[PDB]
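A closer look at the structure
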Amino acid sequence: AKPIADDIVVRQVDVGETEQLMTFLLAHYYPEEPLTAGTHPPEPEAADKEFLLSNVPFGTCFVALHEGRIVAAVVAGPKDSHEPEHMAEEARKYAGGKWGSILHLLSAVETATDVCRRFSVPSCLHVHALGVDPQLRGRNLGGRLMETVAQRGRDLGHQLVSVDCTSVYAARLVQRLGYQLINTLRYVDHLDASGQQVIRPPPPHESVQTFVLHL
Ligand SMILES: CC(=O)SCCNC(=O)CCNC(=O)[C@H](O)C(C)(C)COP(=O)(O)OP(=O)(O)OC[C@@H]1O[C@H](n2cnc3c(N)ncnc32)[C@H](O)[C@H]1OP(=O)(O)O
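Residues numbered from 1 in each chain as written, not as in the entry; some residues may be left out. Heavy atoms only, no water.

- If you check the header, you'll see the entry was determined by X-ray crystallography and the resolution is listed as 1.8480 Å.

1. Observations regarding the environment of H158
- Secondary-structure assignment places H158 in the loop between α7 (141-155) and β6 (160-165).
- By relative accessible area, which is 11% here, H158 ends up buried.
- Distance from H158 to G16, taken between C-alpha atoms, is 26 Å for residues 142 residues apart in sequence. (Helix = DSSP H or I, 4+ residues; strand = E, 2+ residues; numbered from the N terminus. Buried < 20%, exposed > 50% of the residue type's maximum accessible area, 1.4 Å probe, protein only.)

2. Notes on the UniProt feature "binding site: CoA 1" (unreviewed entry) in the chain
- With numbering aligned to this structure, UniProt lists the feature "binding site: CoA 1" (unreviewed entry) at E32, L130, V132, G138, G142, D164, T166 and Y169.
- Here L130 is to be found in strand β5 (residues 124-132).
- In this structure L130 comes out as partly exposed when scored by relative accessible area, which is 24%.
- If sequence neighbours within four positions are ignored, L130 has contacts with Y29, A73, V74, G142, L145, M146 and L173.
- With respect to the helices, strands and loops of the structure, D164 is situated in strand β6.
- In this structure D164 touches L106, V109, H126, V208, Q209 and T210, once residues within four positions along its chain are discounted. (UniProt positions renumbered as here; feature names shortened; annotations may be inferred. Contact = heavy atoms within 4.5 Å.)

3. So, the packing of aromatic side chains
- The final tally for this structure, using the stated rule, is 2 aromatic pairs.
- Note on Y29 and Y30: the rings are 5.1 Å apart at their centroids and 70 degrees apart in plane angle, and the pair reads as edge-to-face. The residues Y29 and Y30 share a single accessibility class, namely buried.
- Note on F51 and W99: the rings are 6.1 Å apart at their centroids and 35 degrees apart in plane angle, and the pair reads as tilted. Here the residue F51 occupies a position in helix α3 (residues 46-53), and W99 occupies one in helix α5 (residues 98-113), the gap between them amounting to 48 residues.
- By relative accessible area, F51 is classed as partly exposed at 30%. (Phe/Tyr/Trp six-rings, centres within 6.5 Å; stacked < 30°, edge-to-face > 60°.)

4. Focus on the UniProt feature "domain: N-acetyltransferase" (unreviewed entry) in the chain
- In the numbering used here, UniProt assigns the feature "domain: N-acetyltransferase" (unreviewed entry) to residues 8-203.
- Strand forms 22% of residues 8-203 and helix 40%; the C-alpha atoms that close the span are 31 Å apart.

Written out as structure tokens, the structure is:
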């Protein structure tokens, strides 16, 4: 438990208490997240939510509590050099649906960045999701949760954190934290096999920008 304001506390998410975490994500992460907001239907598929929750046992997911409620959350987990092949196979299994479209894009980015080979590190702590209650945006709750993930990464011996900023607001935040931009993929440039634009999110979100932080 880490007091980050006079009223907000950062806590680790435990394996038994994920329902309130998912309730928060479904209210304040998924509806505005550009990949989710740019594919149909608006609601995330079961496999999507299940993937996020599958990171909880790693002890790498954190929430911010205000008055006994979650007002922010970050979901992160490890990856290594097999992640590009694994994402590519996940994308083709879910091909045809919303989660398949999201994975289509995330797999293109993972294959392009390939951070473990790129930077000669054995593993990476990847941030999968970051969300802040709209009433508490502007208070660098996002930044404090990112720093918490980085400290957890250091304890775990990771030499690198990576993050795909699908949102301009996430990219601006990690820029403030000194992350290094390593890849940019504009949504208009990312097509499916039939030549159709996969993700069509609202402006101002024009690209997914992947950043890394050396630990
Ligand atoms: C790896 C990933 O998760 S990528 C996708 C990231 N998450 C999402 O898209 C869900 C959208 N949810 C959000 O919770 C937020 O926009 C976040 C977490 C990305 C950033 O929130 P914060 O940490 O509070 O942003 P930050 O502190 O840097 O700046 C917030 C303030 O409101 C703004 N702002 C932040 N987010 C938004 C937003 N989604 N829409 C409009 N304005 C925003 C400014 O950046 C800044 O304005 P101010 O100085 O005039 O007050």
